[PDB]
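One structure is given below, encoded as C-alpha cells.
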4 protein chains.
Amino acid sequence: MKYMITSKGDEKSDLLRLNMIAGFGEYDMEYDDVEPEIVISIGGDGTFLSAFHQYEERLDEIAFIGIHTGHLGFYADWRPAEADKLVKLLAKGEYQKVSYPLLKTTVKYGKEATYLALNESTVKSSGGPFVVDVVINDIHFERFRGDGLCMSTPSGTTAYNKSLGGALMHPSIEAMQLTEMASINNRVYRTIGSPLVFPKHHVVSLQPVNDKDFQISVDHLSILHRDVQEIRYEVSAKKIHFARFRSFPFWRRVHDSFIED
Amino acid sequence: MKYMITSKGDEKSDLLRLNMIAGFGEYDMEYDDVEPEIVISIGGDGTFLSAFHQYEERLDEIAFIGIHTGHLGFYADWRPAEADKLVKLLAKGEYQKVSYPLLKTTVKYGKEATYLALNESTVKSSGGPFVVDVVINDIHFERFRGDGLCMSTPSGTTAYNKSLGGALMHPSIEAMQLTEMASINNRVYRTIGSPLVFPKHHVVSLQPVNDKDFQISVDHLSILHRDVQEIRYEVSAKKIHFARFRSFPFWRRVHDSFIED
Amino acid sequence: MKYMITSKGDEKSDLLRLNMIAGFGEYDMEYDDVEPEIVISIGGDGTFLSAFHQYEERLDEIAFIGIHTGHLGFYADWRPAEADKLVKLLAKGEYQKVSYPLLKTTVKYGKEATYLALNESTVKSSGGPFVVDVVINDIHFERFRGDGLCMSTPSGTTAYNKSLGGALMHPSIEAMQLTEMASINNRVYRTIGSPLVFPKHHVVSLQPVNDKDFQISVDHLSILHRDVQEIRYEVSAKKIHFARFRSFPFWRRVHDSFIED
Amino acid sequence: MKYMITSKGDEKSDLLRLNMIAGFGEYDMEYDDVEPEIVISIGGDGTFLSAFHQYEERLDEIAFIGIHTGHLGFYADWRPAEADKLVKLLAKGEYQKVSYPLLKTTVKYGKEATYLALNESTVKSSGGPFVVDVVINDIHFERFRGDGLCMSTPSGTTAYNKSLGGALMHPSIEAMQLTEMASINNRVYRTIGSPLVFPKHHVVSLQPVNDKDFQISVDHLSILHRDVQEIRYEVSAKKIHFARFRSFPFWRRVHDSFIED
Ligand SMILES: CSC[C@H]1O[C@@H](n2cnc3c(N)ncnc32)[C@H](O)[C@@H]1O
Ligand SMILES: CSC[C@H]1O[C@@H](n2cnc3c(N)ncnc32)[C@H](O)[C@@H]1O
Ligand SMILES: CSC[C@H]1O[C@@H](n2cnc3c(N)ncnc32)[C@H](O)[C@@H]1O
Ligand SMILES: CSC[C@H]1O[C@@H](n2cnc3c(N)ncnc32)[C@H](O)[C@@H]1O
Ligand SMILES: CSC[C@H]1O[C@@H](n2cnc3c(N)ncnc32)[C@H](O)[C@@H]1O
Ligand SMILES: CSC[C@H]1O[C@@H](n2cnc3c(N)ncnc32)[C@H](O)[C@@H]1O
Ligand SMILES: CSC[C@H]1O[C@@H](n2cnc3c(N)ncnc32)[C@H](O)[C@@H]1O
Ligand SMILES: CSC[C@H]1O[C@@H](n2cnc3c(N)ncnc32)[C@H](O)[C@@H]1O
C-alpha cells in the first residue's frame, strides 16, 4: 500500500532510507507521507516516538515498524542488515499486526486539551514545590508532595517508569502505571510510596492544591501549562499497531536491552 | 444456603461467631462446614487466608466474606458492628459476587505438587546461597542470585510484594507479579532489578543451578522441598469469589490501610 | 551578647518574636541584626535555612537556635511555650555549642562561584537530557544519565536525600552523601545506583558531556547556571554552631518526625 | 617476618600458594600459620573473610593481603601475575598499613557472646514472623516488623548492604550502617525505611517482642541463637590492617567491580 520512512537524519539512517525506497520501487508500493498505511522509522526510540506523534491522528490506519541504526530499541527492534528482507515481506503484505495500549492525558483549564502518549506523561511543578491531590475514580486517595508523578503505558514501563522504580508490564495488559518522583513522607505528609497499576476505565485525576502552573510532558514533548484545574489519566481507547514479521517476544527484548545482548 | 464460620479463636471472634449462628437460626440457613456455599471468616487476613486454604477444593462453589475483629483487613473488610446486617443480607441472598485472580505454583521433582496462592508464593534457599535460572515462556531471562523471589497475585500485591518494592495492582487485572529479594548486581552478576508483571498464560519457571533444596512458601504455609528440578508459576484458571454487599473499592481499601483511616 | 530574631512572618511568629525581644529587654542583651552572636529563628525549617544563609559570612561568630511555630523541625527544634525559659538561659549564657558539617559547592565557568549548603546542593539539566561525568578525586567514576544528582550534608540527610533513597547519617560524621535522581541503567548506560558517602577531603566533580547549562540548587535557592565547566563538591571547612540548652538527640528528632510524636 | 598463606583450595590457588612459598624461601621469611605477622589469602572475598576469622584474635599483630584467582575482590585486590612482585616487596617490608573499621556484635541470653564482623551481621527470625524493638543509645526508636535487619561495616557496604539499598561508605569513616529487609509499613506498623548510619560509640540494640529465637549471621557464619534477650551493635575498637604496596583507591575498586573493568 502507501508507505513512508522517517529518518534520524544522520548519514547512516538517510542512506538506509534511500535504499529501502529504491527497493520498494520494485513492487506495487507508493511513497506517501500524507496517508501512509505503513510507517517505517529508522533511528532510535526517539525517532520512533516522533513517527508515532507525526501520525497519531491515523493510528487505526497505520502499522508501524522500527529499524535501529544504533543500539537495539524497544520500538525500533529490527536490524539494518535485514532491510532488504523487510522490503520484501512488507511489499507482499499478509503480515500480522500487534497492538499495544496507549495513555490518554486530558488537561483542563479555567478549555480542554487531550494528548496521547506511547511511553508516558509526567507532571512536575513550574518552579516551586509540587503538591497535588490524587483522585482515583472520584475518591480522594492521597495528597502528594515531592518532585512529580509519572503515568506510563505498558511499553513505557521499560523507560522513565523503570528509572523511578516502577514494574515492567507485558504490553498485552491494558493498564497504566503511576510512579512517584521523590515523594516526601514524614509525620505530616503521606503517600502510598509504591507504584500503582490501573486497569482500563479507571480515571486518575491530579488536582492543584496551591500553585496551578505545571510542567507536563507527553513522551518527548514538554510544555508549561498555566491555569490548570485538573490533569486526567486513563487508558486510551486507541492503540498503536505494529507490523509483525517474526517472533521477538517482549521479555526477550527486555533481556536483550537490560541483561545481555 | 449452607454456610460456616471460622474464628481467629480469641474471645471477641468466638462470641461474634456464636451471635451470627444464632441470628442465622432465624432464616432458612443450615450450618455445614463440609460443603458450605458461604464461608464467613472472623479475624484478620491470617484467618481469612486459612479459610481460603481450608476450602480451596471447592472455590467455585463458595462465596467468601471476611469480618475484622481488629484492624481493617484486605480480605476481612467488614466491621463487627455490622454483623446483624450481614446476617440479614446473606440470608435473603441475591447478592453480587466479586472474583479475584489466584496463582498456581507447580513444584517438580526427580512426582509433582501443585499449590494455589491467594497472596503469593515465595522461593528462598535451604541454608546456603540462592541461585536460580529464571525462564519465561521457555526463554532464559536471567540468572538470579540473592535472598529469594516472590510471585504475587493482584490482591497479594499489598502484602509481601509491597514490602519488596512491587507495584500495587487492581485485582480486576488477571496477572502475577515477580519481585526480587536482595538481588546481587555487580560486574559478574546481573538481574533485571525491577518487578515484573505477567499476564495470564505466561509461564515463569525457576530452575536450580547448584543446590536443589529450597524453602517454598504459599501464603502462610512454608515447606522445605528437597530434590527440586523446577518451580513453575502461572495465573490460575481458578478464582476466589467474594460475596459483595456494598461498595468498598480496592483503592479505598488501599487508602484506608496505608494512607489514613 | 548581641542577638537577633527572624520570623516566618505570620501572626503567631511575629507575636512570639515581639514577646522574646521584650523579655530580652530585662537582661544585658542588645538587639543587633548586623553582627549578632545569637540568631533565633522562629518558623519552620524553611525559616531556619534563610536565617543560616542571611548570616553565612559570620558562621563562626554565631550560635543558632530554632523555635517551631508549627510542626517539629530538625533545625527549629524548640516549642513556643518554652520561649521564656529560652530567653532566660540565653541571657545568662554559659550554654554549650553543638556543631554540624556543611557542604561547599564550587561552580566553575569559562570565573568561579562558591556556595555553602546546610541541607544539600542539587544539579538538574536546563531543559533537556541530563548527562554528566562524575569524577571522584580526579578518577573518572561514572557517566550519569537521568534527572539529576543530590549532594547532602549529614543534617540534610533527613530532607531531599531521604526522598531519593539516601541513608540518614548522624551529624557528628563529617561527610557528604550523593544520591541519584531517576538514573537510566540499561545495556549501554551504567551508574552505581546506590547512594555514595564521602569523607572530608574527598572531592566530587561533575563535568558536562554535551549541554553546559544546568539548574543548580543550594538549600532553597535555585539558579540556572550557563557555560558550566565543572561543579565541585566537598565537605566544608566551615561549620554551623547551635546553642544547646537541653538534650534532644538526633535519633530522637528522627523518631519524632518520621515514626511518631 | 613470619607469614602464612591460605588458599581457596582449587588447583590454581594451591599452585600459586606453593610458588609464593618457594619464592619467600629466598628471603628471611618463616612460614608460621600459628603466629604470622603477614597473612596472604589466595581466592575470592569468601576466602579472605575466612582468613580474617581464622586470625581475629591477633588482628593488631597481622597485616592482611588478598590475591584474586578469579574476578576482582574488594579484599582480594591483587592479580596473580603480580605474585612475584608481591613476594619481593613483602620480604623487604617497610610497607605502609591501611586500617578499616570492624563491627562488634554482642548477643545476650538469659551468658554473653561477642563476634567481630568484617562485612556485616544480620538478624532474621527462626521460623516465624520477625518483630524486634530497635533501641538506639537506650532510646526506643522503632518496632521493626519484616524479614530482618543488617548491620554493615564501611567495607561491608558494597556487599549484602548494597543489595538492601544501603549507601556505599568510604572505609576511612568509622561507622556502621543499618538496613532493613522487607519492612512492613501500613496504618498500624511503622519503620524509618531508610538506611541509618551510626558513628563510633553509638549503640544499637535489638530486643525481642514475642519469639526469642533468631538466625544471626556474622560474615559467612550463620547460627540459630535460642533464648535471646538482646543483640547489640557498635563500631569495634579493633581494626583490620592491610599491607599496602600500591595505590588502589576504594572508589576505583567500586568502579572496577560495579561499573566497568
Ligand atoms: C536516555 S533518555 C531515554 C533512553 O531510554 C530509551 N527509551 C525510549 N523509550 C523506551 C522504552 N519504551 N523502553 C526502554 N527504553 C526506552 C531511549 O532510546 C534512550 O536510550
Ligand atoms: C526516547 S526519548 C524520550 C523518552 O525518554 C525517557 N526518559 C526521560 N527521562 C528519563 C529518565 N530519567 N530515565 C529513563 N528514561 C527517561 C522517557 O520515557 C521519554 O518518553
Ligand atoms: C505482619 S505479617 C503480614 C501483615 O500484612 C497483612 N496482610 C495479609 N495479607 C495482606 C494483603 N493481601 N494485603 C495487605 N496486607 C495483608 C497481615 O494481616 C499482617 O498485617
Ligand atoms: C496474613 S499472614 C501471611 C502473609 O504475611 C505476609 N508477609 C510475610 N512476610 C512479610 C513481610 N516481610 N512483609 C509484608 N508482608 C509479609 C505475606 O504476604 C503472607 O501471605
Ligand atoms: C515539603 S518541602 C521540605 C519539607 O522537609 C522539611 N525539611 C527541611 N529541611 C529538613 C531536614 N534537614 N530534615 C528533614 N526535613 C527537612 C521542610 O520543613 C518541609 O517539611
Ligand atoms: C525547608 S524548604 C527547602 C528544602 O526542601 C527540601 N526538598 C525539596 N524538594 C524535596 C523533596 N522532593 N523531598 C524532600 N525534600 C525536598 C530540600 O532538602 C530543601 O533544602
Ligand atoms: C554472591 S554472595 C556475595 C558476593 O559478593 C562478594 N563480596 C563479598 N564481600 C564483599 C564486599 N565487601 N564487597 C563487595 N562484594 C563482596 C562475594 O565475593 C560474592 O561475589
Ligand atoms: C563473600 S561470601 C559472604 C558474604 O556474602 C554476602 N551476601 C550474602 N547474601 C547476599 C546478598 N543477598 N546480596 C549481596 N551479598 C550477599 C554477605 O555480605 C556476606 O558477608
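In what follows, every chain begins at residue 1, and chains take the letters A, B, ... in the order their sequences are listed.
Look at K162(B) and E120(B) and you find no salt bridge, because none of the NZ, NE, NH1 or NH2 atoms lies under 4.0 Å from a carboxylate O. Note on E180(D) versus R145(D): no salt bridge recorded, every NZ/NE/NH1/NH2 to OD/OE distance being 4.0 Å or above. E174(A) has a carboxylate O that lies under 4.0 Å from a charged side-chain N of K200(A), or vice versa, which qualifies the two as a salt bridge. Ion pairing between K212(B) and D227(B) fails under the 4.0 Å rule for side-chain N and carboxylate O.
Using a distance-only test at 3.5 Å, with no hydrogens or angles considered, a donor-acceptor pair links the side chain of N185(A) to the main chain of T191(A). Between the side chain of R187(A) and the backbone N or O of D256(C), at least one donor-acceptor pair lies under 3.5 Å. Put simply, the side chain of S152(A) gets close to the backbone of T157(A): a donor and an acceptor are under 3.5 Å apart. Without hydrogens or angle criteria, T47(B) side chain to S41(B) main chain gives no donor-acceptor distance under 3.5 Å. Side-chain atoms of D147(D) do not come within 3.5 Å of backbone N or O of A182(D) as any donor-acceptor pair. Although no hydrogens or angles enter the test, the distance criterion places a donor-acceptor pair under 3.5 Å between the side chain of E82(B) and the main chain of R79(B). Under the 3.5 Å distance criterion, the side-chain polar atoms of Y55(B) are matched with a main-chain donor or acceptor of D33(B). Side-chain atoms of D219(B) come within 3.5 Å of backbone N or O of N119(B) as a donor-acceptor pair. Using modelled atom types, no side-chain atom of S13(B) and backbone atom of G9(B) make a donor-acceptor pair closer than 3.5 Å. Here the side chain of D213(D) pairs no donor or acceptor atom with the backbone of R226(D) at under 3.5 angstrom.
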Stepwise side chain to side chain contact (heavy atoms under 4.5 Å, CB included) test for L90(B) and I40(B):
CA-CA 10 Å; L90(B) 272 174; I40(B) 299 167; 3.7 Å; yes
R143(A) vs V209(A), side chain to side chain contact (heavy atoms under 4.5 Å, CB included): CA-CA, chis, key distance, verdict
CA-CA 9 Å; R143(A) 180 160 280 179; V209(A) 171; 3.6 Å; yes
Worked check of side chain to side chain contact (heavy atoms under 4.5 Å, CB included) between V204(A) and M151(A) = CA-CA 9 Å; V204(A) 181; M151(A) 191 65 96; 3.8 Å; yes
Report the C-alpha distance between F24(B) and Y3(B) in whole Å, list the side-chain angles of each, state the deciding distance to 0.1 Å, and finish with yes or no for ring-ring contact (aromatic ring centres under 6.0 Å, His included). CA-CA 9 Å; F24(B) 278 129; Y3(B) 78 104; 4.3 Å; yes
| said: Would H255(C) and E142(D) count as a side-chain hydrogen bond (donor to acceptor under 3.5 Å, both in side chains) here? Give the steps. | reply: CA-CA 8 Å; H255(C) 169 274; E142(D) 68 184 5; over 6 Å; no
task: List the steps, then state whether side chain to side chain contact (heavy atoms under 4.5 Å, CB included) holds for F144(D) with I184(D).
output: CA-CA 8 Å; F144(D) 177 90; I184(D) 308 175; over 6 Å; no
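Remark: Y233(A) engages no residue in a ring-ring contact (aromatic ring centres under 6.0 Å, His included) (not counting sequence neighbours). With sequence neighbours excluded, no residue forms a ring-ring contact (aromatic ring centres under 6.0 Å, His included) with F141(A). Not counting sequence neighbours, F248(B) has no partner by the ring-ring contact (aromatic ring centres under 6.0 Å, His included) test.
Between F74(B) and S155(B), the closest side-chain pair of non-hydrogen atoms is not below 4.5 Å. In this structure, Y75(B) and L118(B) have side chains that are in contact, with non-hydrogen atoms separated by less than 4.5 Å.
Between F214(D) and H225(D), a ring centre-to-centre spacing not shorter than 6.0 Å is recorded. Between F64(B) and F242(B), the ring center distance fails the sub-6.0 Å criterion. Aromatic ring centres of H53(B) and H220(B) lie closer together than 6.0 Å.
The two residues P195(B) and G166(A) come nearest to each other via the heavy atoms CD-O, 3.8 Å. The shortest non-hydrogen separation linking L116(B) to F52(B) is O-CE2, 4.1 Å. Heavy atoms only, all atoms of each residue included: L168(A) and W251(A) are closest at O-CH2, 3.8 Å. Closest non-hydrogen pair, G156(B) versus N161(B), comes out as O-CB, 3.8 Å.
By the 30° and 60° cut-offs, the orientation of the rings of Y100(B) relative to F250(B) is perpendicular. Between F245(B) and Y95(B), the ring planes lie tilted relative to each other; the angle falls in the 30° to 60° range.
In this structure, a donor-acceptor pair under 3.5 Å is present between the side chains of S222(D) and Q215(D). Side-chain atoms of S7(B) and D14(B) form a donor-acceptor pair, as typed in the model, at a separation below 3.5 Å. Counted by atom type alone, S205(B) and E230(B) present one or more donor-acceptor pairs between their side chains at under 3.5 Å. With 3.5 Å as the limit, one finds no donor-acceptor pair spanning the side chains of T69(B) and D10(B). For the residue pair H201(A)/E234(A), the side-chain donor-acceptor check at 3.5 Å is not satisfied. Judged purely by distance below 3.5 Å, without hydrogens or angles, the side chains of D211(D) and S126(D) pair a donor atom with an acceptor atom.
No option in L178(D), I216(D), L149(D) other than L149(D) meets the side chain to side chain contact (heavy atoms under 4.5 Å, CB included) test with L206(D).
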